[PDB]
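Enquirer: Mind looking over this structure? Questions follow.
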2 protein chains.
Amino acid sequence: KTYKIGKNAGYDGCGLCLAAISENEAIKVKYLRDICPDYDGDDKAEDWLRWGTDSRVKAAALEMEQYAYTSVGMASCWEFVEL
Amino acid sequence: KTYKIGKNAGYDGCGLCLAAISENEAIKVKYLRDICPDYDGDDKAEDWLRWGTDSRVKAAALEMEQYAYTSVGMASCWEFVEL
């Protein structure tokens, strides 16, 4: 599933990210490379097997989930794809 | 075919663009949205059917072609893909 990333959502190019989704749009994104500065992968979906249970990723997701449906995925050309 | 975009090549994120290619690298990119400010598409490959014969696009391409192999394509995630 694919969702447009708005212009005030924190977009910063391609990368694995969390997204908050509301009314068919990703209204906030948070990149794995910012949540976890020690992340050194090449943005492969399989990287979430390693990083998805990181306490920093869990904390970032819980903060967004208070307010909107949240999921792990990948950002590319202003679109968020759910993984 | 896909080429890494160089660091001083004019990269500005995602979008339809012309690229000059040298030694398996895109050493200059010029975005359609900058060449033609009236372009208002969603960076679909088919958009080049409308815009590829615009006189501003032909002029930008010929300028680069003087010095390097040039093609129309799409820039995303620091790579250029030929169309």
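As shown in the structure tokens, the chain order sets the letters A, B, ...; within each chain, residues go from 1, and ligands are also counted from 1 in the order they appear.
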Applying 8 Å and only C-alpha atoms, which residues near region 33-43 of chain A remain after dropping the ones on its own chain fewer than 2 positions away? List them as a ChimeraX atom specification.
Expert: /A:15-16,30-31,45,47,56-57,60,74
Enquirer: List every residue of chain B that has an atom at most 8 Å from any atom of chain A, and for each one report the closest atom pair and its distance in Å to one decimal, counting only C-alpha atoms, with rows sorted by chain and then by increasing residue number, as JSON lines.
Expert:
```
{"residue": "B:13", "atom": "CA", "partner": "A:13", "partner_atom": "CA", "distance": 6.8}
{"residue": "B:14", "atom": "CA", "partner": "A:77", "partner_atom": "CA", "distance": 5.6}
{"residue": "B:15", "atom": "CA", "partner": "A:77", "partner_atom": "CA", "distance": 8.0}
{"residue": "B:76", "atom": "CA", "partner": "A:77", "partner_atom": "CA", "distance": 6.5}
{"residue": "B:77", "atom": "CA", "partner": "A:14", "partner_atom": "CA", "distance": 5.6}
```
Enquirer: Kindly export the residues of the current selection with N, CA, C and O atoms, as a PDB file, in the first residue's frame.
Expert:
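This went into part-v9.pdb:
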```
ATOM      1  N   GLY B  13      16.927  16.266  -5.565  1.00  0.00           N
ATOM      2  CA  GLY B  13      15.938  15.269  -5.223  1.00  0.00           C
ATOM      3  C   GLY B  13      15.264  14.674  -6.446  1.00  0.00           C
ATOM      4  O   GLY B  13      15.814  14.646  -7.550  1.00  0.00           O
ATOM      5  N   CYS B  14      14.020  14.266  -6.238  1.00  0.00           N
ATOM      6  CA  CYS B  14      13.267  13.507  -7.219  1.00  0.00           C
ATOM      7  C   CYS B  14      12.760  14.399  -8.349  1.00  0.00           C
ATOM      8  O   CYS B  14      12.369  15.546  -8.120  1.00  0.00           O
ATOM      9  N   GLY B  15      12.749  13.867  -9.569  1.00  0.00           N
ATOM     10  CA  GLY B  15      12.039  14.537 -10.645  1.00  0.00           C
ATOM     11  C   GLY B  15      12.569  14.168 -12.017  1.00  0.00           C
ATOM     12  O   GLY B  15      13.723  13.760 -12.185  1.00  0.00           O
ATOM     13  N   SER B  76      16.137  10.051  -8.809  1.00  0.00           N
ATOM     14  CA  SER B  76      15.542   9.637  -7.545  1.00  0.00           C
ATOM     15  C   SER B  76      16.627   9.006  -6.693  1.00  0.00           C
ATOM     16  O   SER B  76      17.418   8.210  -7.194  1.00  0.00           O
ATOM     17  N   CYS B  77      16.659   9.366  -5.407  1.00  0.00           N
ATOM     18  CA  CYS B  77      17.556   8.711  -4.456  1.00  0.00           C
ATOM     19  C   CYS B  77      18.995   8.682  -4.969  1.00  0.00           C
ATOM     20  O   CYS B  77      19.679   7.659  -4.915  1.00  0.00           O
TER      21      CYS B  77
END
```
Enquirer: To one decimal in Å, tell me the separation between CA of residue 26 (chain B) and CA of residue 53 (chain B).
Expert: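 Between CA of residue 26 (chain B) and CA of residue 53 (chain B) the gap works out to 21.8 Å.
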Enquirer: List every residue of chain A that DSSP, applied to the backbone, labels as strand (DSSP E or B), and write the result as a VMD selection string.
Expert: chain A and resid 2 to 5 15 to 22 25 to 31 69 to 76 79 to 82
Enquirer: Please extract the residues of chain B with a backbone DSSP assignment of alpha helix (DSSP H) and present them as a PyMOL selection string.
Expert: chain B and resi 32-35+47-51+55-65
Enquirer: Pick the closest to residue 2 (chain B) from B:51, B:24, B:66, B:18: which is it, counting only C-alpha atoms?
Expert: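 Closest candidate: B:24.
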Enquirer: Pick out the residues sitting within 8 Å of residue 11 (chain A), and hand them over as a PyMOL selection string; count only C-alpha atoms, and ignore anything fewer than 4 positions along from it in its own chain.
Expert: chain A and resi 5-7+29+78
Enquirer: For CA of residue 64 (chain A) and CA of residue 23 (chain A), determine how far apart the two atoms are, in Å to one decimal place.
Expert: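 Answer for the CA of residue 64 (chain A) to CA of residue 23 (chain A) separation: 15.2 Å.
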Enquirer: Do you have the CA of residue 48 (chain B)-CA of residue 72 (chain B) distance handy?
Expert: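 Between these atoms lies a distance of 8.1 Å.
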Enquirer: When you count only C-alpha atoms, which of these residues is closest to residue 19 (chain A): A:71, A:79, A:55, A:3?
Expert: A:71
